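Note sheet for the following structure.
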Ligand SMILES: [Zn+2]
């Protein structure tokens, strides 16, 4: 079993696109909804990000 709808690059590209946004803007969304729902800047595929996932990105993309 398989599907023909996937990120053609990797989640890491979508994560890098989130990492460059203002710290106050990212923190404001987390303080009102606890997570972020966004599309990959390279292929448009959607992914979800939370405070714990962003904390791992801040210790891998820095
Ligand atoms: Zn992608």
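Every residue number used here counts from 1 along the chain in the order it is shown.
Keep in mind that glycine also has a Cβ here, set from the backbone N, Cα and C atoms.
Taken from Swiss-Prot as is:
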- 7-9: disulfide bond (DISULFID)
- 40-43: disulfide bond (DISULFID)
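By the criterion of other Cβ atoms within 10 Å of the residue's own Cβ, the least surrounded of the disulfide-bonded residues 7, 9, 40 is 9. Cα-Cα distance from residue 9 (disulfide bond) to residue 40 (disulfide bond): 9 Å (rounded to the nearest whole number).
Around residue 43 (disulfide bond), the C-beta neighbours below 8 angstroms that are at least 6 residues distant in the chain are 7, 8, 9, 13.
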